[PDB]
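Residue strings, one per chain:
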Amino acid sequence: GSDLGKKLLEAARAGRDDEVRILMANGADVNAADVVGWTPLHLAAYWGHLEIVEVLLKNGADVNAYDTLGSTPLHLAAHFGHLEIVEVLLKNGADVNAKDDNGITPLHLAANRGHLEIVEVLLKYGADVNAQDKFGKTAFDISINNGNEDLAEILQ
Amino acid sequence: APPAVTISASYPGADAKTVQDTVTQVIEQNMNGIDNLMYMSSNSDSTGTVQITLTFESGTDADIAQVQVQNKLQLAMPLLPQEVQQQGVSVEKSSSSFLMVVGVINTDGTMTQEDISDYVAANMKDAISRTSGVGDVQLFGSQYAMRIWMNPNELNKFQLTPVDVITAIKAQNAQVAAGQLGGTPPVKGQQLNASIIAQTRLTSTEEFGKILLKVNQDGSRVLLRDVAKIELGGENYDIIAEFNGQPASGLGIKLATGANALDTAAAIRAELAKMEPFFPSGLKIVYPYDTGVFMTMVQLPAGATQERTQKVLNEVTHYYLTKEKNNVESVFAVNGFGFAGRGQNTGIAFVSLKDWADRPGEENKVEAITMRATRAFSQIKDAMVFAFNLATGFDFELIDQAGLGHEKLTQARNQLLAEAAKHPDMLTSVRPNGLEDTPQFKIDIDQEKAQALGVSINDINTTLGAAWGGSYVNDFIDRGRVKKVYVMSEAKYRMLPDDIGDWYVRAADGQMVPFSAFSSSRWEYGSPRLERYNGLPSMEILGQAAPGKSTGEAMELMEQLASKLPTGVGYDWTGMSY
Amino acid sequence: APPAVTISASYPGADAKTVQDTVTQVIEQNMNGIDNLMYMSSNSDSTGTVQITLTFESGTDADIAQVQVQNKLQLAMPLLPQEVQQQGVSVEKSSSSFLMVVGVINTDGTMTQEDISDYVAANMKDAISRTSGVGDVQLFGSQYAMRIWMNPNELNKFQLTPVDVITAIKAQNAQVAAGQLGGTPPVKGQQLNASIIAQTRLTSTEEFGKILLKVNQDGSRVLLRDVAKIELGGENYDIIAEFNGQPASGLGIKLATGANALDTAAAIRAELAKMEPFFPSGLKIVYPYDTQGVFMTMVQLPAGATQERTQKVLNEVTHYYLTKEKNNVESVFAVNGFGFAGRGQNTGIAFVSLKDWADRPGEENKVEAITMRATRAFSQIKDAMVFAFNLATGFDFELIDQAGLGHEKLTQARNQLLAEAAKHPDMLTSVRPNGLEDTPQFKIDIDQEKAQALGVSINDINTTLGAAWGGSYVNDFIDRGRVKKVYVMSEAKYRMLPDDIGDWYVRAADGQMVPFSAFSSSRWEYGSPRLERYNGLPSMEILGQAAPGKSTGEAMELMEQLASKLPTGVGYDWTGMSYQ
Amino acid sequence: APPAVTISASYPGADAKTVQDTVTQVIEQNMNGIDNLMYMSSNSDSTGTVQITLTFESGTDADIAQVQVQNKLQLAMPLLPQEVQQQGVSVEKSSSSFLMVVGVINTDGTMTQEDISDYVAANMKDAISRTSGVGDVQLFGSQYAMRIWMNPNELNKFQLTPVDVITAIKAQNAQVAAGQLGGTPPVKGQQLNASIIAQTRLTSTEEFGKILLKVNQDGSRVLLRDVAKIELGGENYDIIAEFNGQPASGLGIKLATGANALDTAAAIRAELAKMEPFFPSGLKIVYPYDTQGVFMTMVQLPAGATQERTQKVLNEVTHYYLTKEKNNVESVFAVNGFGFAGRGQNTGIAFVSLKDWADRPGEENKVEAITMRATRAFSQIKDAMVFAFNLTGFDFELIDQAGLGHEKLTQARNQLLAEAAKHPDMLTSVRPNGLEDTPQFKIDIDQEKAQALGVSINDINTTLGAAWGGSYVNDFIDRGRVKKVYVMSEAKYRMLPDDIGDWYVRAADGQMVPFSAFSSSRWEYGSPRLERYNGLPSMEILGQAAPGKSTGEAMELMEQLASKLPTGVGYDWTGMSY
Ligand SMILES: C=CC(=O)Nc1ccc(CCSc2nc(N3C[C@H](C)O[C@@H](C)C3)c3c(c2C#N)CC(C)(C)OC3)cc1
């Protein structure tokens, strides 16, 4: 639709904090999606740009936008160990139990990558510890398979 | 200019990291004991291509260089994947450029670029190769391959997979030694002696179509043509070229070291004149470049397709053929090619000007033409389009020295580029020479589920690879000329993530299992073009001195900026800056 | 002469078309971007052999030519069949003709031709081949291999096939890396360190014969000697040589491009001097052709001609020199199966050596008169092209298929040009193909549907056919300390007649023995035993002469006029003496 | 000097005889048609190693000799075992002696000998190897491989074998070419193009540990970490170095034939200066041998001697230089497992660096006198030849001319040595240059019993070799660098003969069968090093003229003595005596 939409995806992508103010001010669609269904909030979440995440939520960015495979900005922040972004998304209403097309939750992804500080925050906000993916696997199962005892301790 | 040798290899269906880590690294690690080497650089990309360029000291003999490189590469061949060995790994002197580029076009709408490339390969290239003064000749295209385009719905209908297709083609498009009757040592007094002739290579689509995949239990036959469409086609489809809007192939012809340019060019034109009476209808020869050609760059965004790029090139062509009809002879539009990156989202238009003497006055010279073009093309949305004609610039390599990984080296690269922009006083246009990461589709195979179901992981991986990437199976004989046979999915079954689940694999117990039962996927970013420098991961950075500053002064700041990067990040100067 | 690089490859049991389309074309397609290349030719033969000749401009550095040819070949190497790669592909920079022949005989008659050939290949060839200036060394005979001559009645009697034989040999004639006891890293304080020695290559017929093929249900054993005869025998049986009618072998030696002939011959004689004292009793070197003092006789029968028929003509030639030219001729070294054209069953050559200059007074007793008379005496011999000569106003023409017409139409076109040139005796004398005519071949069609229904696999079918009637190189063994090849093949009597195809069984997936007749059909057809190519396209070389007094230029110009009336798609070029 | 080209190849876990008969002979047989070859020699060793030395006529262009050799070797590559080809065969044109040694230590002891060697292999060697003039680089240590240390008790418990481990590693540490979404040729209207990423090489012990070997019938999971310890460790463990007693690695560098010693040494230093800033903390370069002011000490124990006894002799050598000669000696760099021209458990070398010349005043503190005193002090070491030297009697080859074999050639050598000892007035120190036969463990696989049980020979031989000799499975990526993966038994299950009986193999019926059920063993003697000369079996004899006798008189006597040897035994002069 909008040319500013596209430019907003690109600046959120590349971490350009100032260009994201200027494009919002000028009416850029904060929920503009690229071809894989990633919004500025996804891009900012994946590349760990805290300030951009904050600027976008403040301008009405959809906190639970999903991509063409069912994955939400929280999924991405959780998987790439961006703690402070995980806290911000969860404060702005991110669905802590959002499942993607595979039935994967942010807890599964945090757990698989051994991001402990994030696993705690997710459980804090009501993450379901017994949530199964399409194969039957829980975050606990993931801990046993990766032989990460520290993470196993936390999920009993 | 220092002599350079380029190693070119190809891994069909391979991503940049797969190519780098199974080919590029392995070849780099064997580039020892070669005399007079200054430095080595390489690119590994999403089209399955690696190019390794070795640059030697000035006054090194280029043949000795070529041969030493080639012998090292050839000893490392068994360390490479079979699929790469079978495409051929070429080692060529790359520092000399073209004597001429010859376009072969079709004007009466009866031939595709693949049809034209086959004609050129089988009727023209070799006679041009043996012409007086000619060195290397590069075919811009290939000879035909026999293309088998598989349909997953019909494959599953008959409990078959691509593995079965591949197995059946190796078995039924074959030619082996069968021996003789009465061969030596014989029973003494033998009169009959005769070769035994068994299976011979297949020759046509008809014959591939009758390949028997299996006899059903009710006694009906599944033939290859029941699970696939069958055509002669290209080996590869990454590039689409037009000459003034018409399908085109070409030849890139180099002058043999020591030979005469003008005599060689005339000798080539003469030889192409001999061939013109034998051409099929509407085939014509053009000479877009021959010892005032300029170029137009086209770059579309991340994830943009061939068709979208084509549209833009078509606007570029129409601009030159209408708005510069007085000044432009031709536009040769090459979709899928660039100099700093191949890919569906790039292309390049080679624009041949009419003779100097037919473009009077400054308006109609290259420089004013290119500015006008750039002004007009800057109002194309969804693409960057730059007209340009081919002691001020510099060439910097940022280097991963401590195993940092691509993600961290990118972050260091951004730190350097962000700092260089805070000094517009000293520096201008400081930028990556390469490409940015882009969305890629990550599919994880679940080993537990595949074992529980009795689905073999080679069946899984061959099914995925062969369908979505294509596979070179073996060779056939087309009109007496040996050529390749490729299997791959028909286009409409390998386009989108949903198509993944239409592909079935046969388990140990004969049940058909869809890809979705043992796989999961997600979007992530990664590199469509990995770079290396002296065998370490690298990112090339170009730039120039701000007005009224020396290149030496610009370098000094770049070095000083480079000293403040994260631990483990180094640099080197290369090219013009070495 | 201009320098030539040669590529040679071997595909045991392959017909000419299989060689052309699995080997020759694949290599030929990479032969471009090579400096100072004038032209390229090749033959692909039904002896399983291919030879590609690349001829360079005068003054080309042969080291560099060889290097650049080989570097293009390396592109084709992994696309070649494994059976070709394993024979050892060769790239040589030699003169086309022999510098000398080293003959070997046994004055006690205690060694057959087969033994002498093996002794030469195993103890003498390699060192000659490594001597500087030796471009190409050609064995007149074959090194021994371990030969397993299979019997199909015995194999079928125990539900076995040649595939089980090949498998059993790979598993039990094996050289295993088995590690060490106490190897690094050790448990600290380890004292014992010893290599583990497991299976090692077999060295004898006895060991091969006790290879274990199966245990029956009743605990009885089937050994390889129970289904095959086992002996040392040649890798092939195609080349047999004689010295003054005695069993002989030999080395034919070609000079490397640019090498000094005197120095090279001396180094060969020095190298032979090292071997001589370790010869077994009776063995002797003889020198039947030193480079006038000598000359050769070529023998070329038409394709289809067996060893027997070529021997008979060789016997007539040998008889002639030992009876009629008795007072001139010191020796004849005659080789059956190898000629000028390369190698084939219908070809042979005699190297003749004369007595001393000063024991042959008179002009009728010099090489030219002798050769003249020998050629004259042989001219009457029928179904044979027998010529004597001692090493020019003719032409060398290539008829080329330039439109995918194929071999049958190219023959038709050759014939049209040959018959037309036969009507111009005033300008053209003896215009003839340099090549061979098509011969009957046995075409066998595997019925895929029957094979699939019976549960017989295509690989098992093809291996059984190929191993049995063509022979198969399985792996290596060690003979008297030297690595040598192992071959399986049918014993002769089971691979002689068309009905023998039906006696070979293949085992199905369900354990049933299925005769070849149940899934195959066959018929006679014609095809080529030597397919030629010129610059990468199908070709047929035509030779001839300028008629008496008329110039080569005028004869070529006619041949071009005749060539211009040939069907569409057929062109021509001039090679060799005619190129310049 | 006559130039020499060297071929090196490797077969992990092979004995000398295996190496000689699958590799050495095959290469030798195919070294034809090469110009100016004077002679050829080779060693085939029980470390799995072959060295072939091809020595050329004086004046030969070493460039051309190397190329001719490499090209012949290339056409023989397909005849070699897959296990040898995949190690990568090397061909070099260099001096046999060292130009310099680059030592590397950790001044903060943060890194062991093993860590340092990997750092050097992984970060320094390749660039040094590509430096011009660098003929040969010897690592004094090994690069890391992923080591899978197998446990036979745990394997048998889960009815697995090393075949299953190897199979699973190739399936789960794989790099898959999976094509693209929107790949060419595309359907009309395609908006998206993206690489598909499936399995990628594993990068860590963590990841190798979760390779899923099997799912039990009750649903539980047997992981690779359940049958094996998983760790980074050397590709081999044979070479350990020290610098003044502390842990070390290094590069022993040899000058390319015809290169300039000074320019090459300088270029090596310039290249080391690029690497220093990115060293981990503590890592430090030392310069223990730069070619007057340096010398070596050789250590040769008899074959059969372990690492530990070679170490003890080297400690005595090191001790002496660091205590008795401390006023003249600055450093000792000591290498256990590498010898003057060999590699074995029974050999070592010490590189010794003196203090400044000006600080060693007096004739008795110059190199000649130092080396001579050291030789005297080590002359009475028990069961070791130990001598110090800077860097001429006769060099003789006894040749098997008639297929006599190793045992008989040894008898004949001994007869000649014994006759030479009876002429002390003409011949001194007439000795073998090679190694004596040693005990080896001969194991016979009962083909009948294996077949009666349904145990496959291939599974038996893979089980034996992979466990007791180690097997190179495929590659993986360690901190972005391609490296090898090896499977082998953990040390304690491969130390003693009774351990053979604890390895089990799975029959076709699924029963585990111990190795004792189908094998029998005995002790015997064979060779740890088989030598050949111009293609034939050989044994090198060294010796010299007695005092007051000419070299030529002594040679003449050797020839007389040689003419009385058993039938089939010849000889030749080589090296200094040619
Ligand atoms: C796969 C099909 C295919 O490639 N088709 C296809 C068909 C025709 C062409 C020729 C287009 S015309 C052309 N192509 C060039 N290329 C050579 C390059 C090394 O790879 C090619 C990609 C493009 C160059 C010049 C011209 C011109 N004029 C001028 C100079 C300045 C010398 O730079 C090189 C190219 C591709």
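Each chain's residues are numbered sequentially from 1 according to the written sequence, a convention that need not reproduce the entry's numbering, and residues without coordinates are excluded. To label them, take the chains in the order written and letter them from A, then take the ligands in the order written and number them from 1. Each value listed here was derived from the chains shown, which are themselves a piece of a larger assembly. With hydrogens and water excluded, all non-hydrogen atoms of the structure serve as input to the side-chain values.

Worth spelling out the cut-off: UniProt positions are given in the numbering used here, feature names are shortened, and annotations may be inferred rather than shown by experiment.
Chain D carries the name Multidrug efflux pump subunit AcrB,Multidrug efflux pump subunit AcrB in the PDB entry, which gives Escherichia coli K-12 as its organism. According to its PDB record, this entry is titled "MBX3135 bound structure of bacterial efflux pump". On record in UniProt, under Subunit, the comment for chain D is "Homotrimer, with large domains that extend into the periplasm, interacts with AcrA and TolC. AcrA may be required to stably link this protein and TolC. Interacts with AcrZ. Part of the AcrA-AcrB-AcrZ-TolC efflux pump."

Labelled according to the PDB entry, chain B appears under the name Multidrug efflux pump subunit AcrB,Multidrug efflux pump subunit AcrB, originating from Escherichia coli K-12.

A few points about a negative patch on the surface
Residues and elements named next belong to chain A. Basically, it comes down to this: Here, patches come from residues exposed beyond 30% relative accessible area and free of salt bridges, joined within 9 Å for like charges and within 5 Å for nonpolar side chains (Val, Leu, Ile, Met, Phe, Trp, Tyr). Per-residue accessibility takes into account occlusion by the displayed protein chains alone, with areas from the Shrake-Rupley method and a 1.4 Å probe. The working definition used for a salt bridge is a side-chain nitrogen of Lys or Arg within 4 Å of a carboxyl oxygen of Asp or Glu. Only four residue types enter the tally: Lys and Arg on the positive side, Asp and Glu on the negative side; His and the chain ends are excluded. To locate a charge, take NZ of a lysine, CZ of an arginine, CG of an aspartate or CD of a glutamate. Strands here are runs of E lasting at least two residues and helices are runs of H or I lasting at least four, both read from the DSSP assignment and numbered beginning at the N terminus.
Taken together, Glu51, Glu54, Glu84, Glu87, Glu117 and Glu120 make up a surface patch of like negative charges. Taken together, the elements giving at least two residues each to the negative patch come down to α4 (50–58), α6 (83–91) and α8 (116–124). Position of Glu117 among the secondary structure elements: in helix α8.

Comments concerning α4 of chain A
Residue and element names in this part refer to chain A. For clarity, the cut-off: The classification of residues rests on relative accessible area computed with a 1.4 Å probe and restricted to protein chains. Under 20% of the type maximum is buried, over 50% is exposed, and intermediate values are partly exposed. Any two residues whose heavy atoms approach within 4.5 Å at even a single point are treated as in contact.
Residues of α4 that are buried: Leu50, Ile52, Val53, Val55, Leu56 and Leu57. Where α4 is buried, its residues meet α1 (3–13), α2 (17–25), α3 (40–46) and α6. Downstream of α4 by a residue or two, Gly60 has a phi angle that is positive, lying close to 80°.

Regarding the sheet that holds strand β8 (residues 177–181) of chain D
Selection rule: The pairing criterion for strands is at least two bridges between them, as found by DSSP. To get an axis, a line is fitted to the C-alpha atoms, and for a helix only the part in contact is used. The angle between two axes follows their N-to-C directions and goes from 0 to 180 degrees.
An order of β27(B)-β22(B)-β9(D)-β8(D) is seen for the four strands of this open sheet, with the pairing classed as mixed. Each end of this open sheet is capped by a strand with a single partner; those strands are β27 (519–526) of chain B together with β8 of chain D. Averaged over neighbouring strand pairs, the angle between their axes works out to 30° when direction is ignored. Bridge count for strand β22 (residues 438–445) of chain B against strand β9 (residues 194–197) of chain D is two bridges, and the pairing is parallel. Note on β9 of chain D: the bridge partner recorded for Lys442 of chain B is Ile197 of chain D.

Here we look at the sheet that holds strand β24 (residues 481–489) of chain D
Residue and element names in this part refer to chain D. Read from one edge of the open sheet, four strands run β12-β7-β24-β23, paired in mixed fashion. Two strands lie at the open edges of the sheet, namely β12 (228–234) and β23 (471–478), each paired on one side alone. Taken pair by pair, the neighbouring strands of this sheet meet at an average axis angle of 30°, ignoring direction. Judged from the seven bridges that link them, β23 and β24 form a sheet pairing that is antiparallel.

Observations concerning the packing of aromatic side chains
Rules: Aromatic rings from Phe, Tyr and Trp, with only the six-membered ring used for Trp, were paired whenever their centres fell within 6.5 Å, and each pair was classed as stacked if the ring planes differed by under 30 degrees, edge-to-face if by over 60, and tilted otherwise. We call a charge positioned over a ring when the NZ of a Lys or the CZ of an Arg lies within 6 Å of the ring centre and within 35 degrees of the ring normal.
One pass over the structure, following the stated rule, counts 73 aromatic pairs over all chains. Ring plane angle 85° and centroid distance 5.9 Å describe the contact between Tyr119 of chain D and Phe279 of chain D, whose orientation is recorded as edge-to-face. With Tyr119 of chain D in helix α4 (residues 113–123) and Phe279 of chain D in the loop between α9 (261–275) and β15 (283–290), the pair connects residues that are 160 residues apart, well separated along the chain. Judged by relative accessible area, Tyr119 of chain D falls into the buried class, the value being 11%. Exposure remark for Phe279 of chain D: the relative accessible area of 13% places this residue in the buried category. Cluster of aromatic residues (ring-pair linked, three or more members): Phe98, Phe140, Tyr289, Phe333, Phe338 and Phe351 of chain C. A cation sits over an aromatic face here: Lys254 of chain D above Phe98 of chain D, 5.0 Å from the ring centre. The ring of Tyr472 of chain D carries the charged tip of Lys484 of chain D above its face, separated from the ring centre by 5.5 Å.

A word on helix α9 (residues 261–275) of chain C
Residues and elements named next belong to chain C. Using the following cut-off: The span one expects for a helix is its residue count, reduced by one, times 1.5 Å. Arc, as used here, means the arc of the directions from the helix axis to the C-beta atoms.
The terminal C-alpha atoms of α9, which comprises 15 residues, lie 22 Å apart, in line with the 21 Å expected from a rise of 1.5 Å per residue. Those residues of α9 not exposed but buried are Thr264, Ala265, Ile268, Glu271, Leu272 and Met275. End-on, the buried residues of α9 take up no more than an arc of 120°, which puts them together on one face. Those residues of α9 that are exposed and angled more than 90 degrees off the buried face are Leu262, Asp263 and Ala273.

Brief notes about the environment of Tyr39 of chain D
Residue and element names in this part refer to chain D. Looking at where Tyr39 falls in the secondary structure, it is placed in strand β2 (residues 37–45). Sequence-wise, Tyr39 and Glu57 are 18 residues apart; in three dimensions their C-alpha atoms are separated by 8.8 Å. Dropping the residues within four chain positions of it, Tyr39 is found in contact with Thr53, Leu54, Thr55, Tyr533, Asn534, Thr574, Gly575 and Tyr578.

So, the pairing of strand β28 (residues 530–534) of chain C
All names here are of chain C. The element β28 is extensively covered by neighbouring structure, given that five of its five residues are classed as buried. Of the two faces of β28, the one holding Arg530, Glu532 and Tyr534 and the one holding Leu531 and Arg533 are both buried throughout. Where strand β2 (residues 37–45) and β28 come together, five bridges link them in antiparallel fashion. The partner of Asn43 across the bridge, within β28, is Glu532. Judged from the three bridges that link them, β28 and strand β29 (residues 537–546) form a sheet pairing that is antiparallel. Looking at β29, one finds that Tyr534 is bridged to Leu537. Remark: two residues form the turn of the hairpin made by β28 and β29, two consecutive strands paired antiparallel; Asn535 in that turn has positive phi of roughly 45°.

A closer look at the site of the ligand
Residue and element names in this part refer to chain B. As a reminder of what qualifies: The rule for a residue being near a molecule or strand is that one of its heavy atoms must lie within 4 Å of it. What qualifies as a polar contact is a pair of N or O atoms within 3.5 Å, subject to a donor-acceptor requirement within protein and to the restriction that residues adjacent in sequence count only when both atoms come from side chains. Residues are grouped as follows: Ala, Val, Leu, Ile, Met, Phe, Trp, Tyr, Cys and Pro are nonpolar; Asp, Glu, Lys and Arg are charged; all remaining types, including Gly, are polar. What marks off one domain from the next here is an automatic or database domain assignment.
Residues in close proximity to the ligand total 15 residues, the closest being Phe140, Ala241, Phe332, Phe337 and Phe350. A distance of 3.2 Å is found between a nitrogen atom of the ligand and a backbone nitrogen or oxygen belonging to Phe140. Taking 730 Å² as the accessible area of the ligand by itself, protein coverage stands at 86%. Contributing elements (two or more residues each) for the shell around the ligand: β14 (246–255), β15 (283–290) and β17 (328–335). Across the shell around the ligand, the residue classes break down as 13 nonpolar, two polar and no charged. No fewer than three residues from each of domain 2 (98–143 + 235–291) and domain 4 (292–390) sit in the shell around the ligand.

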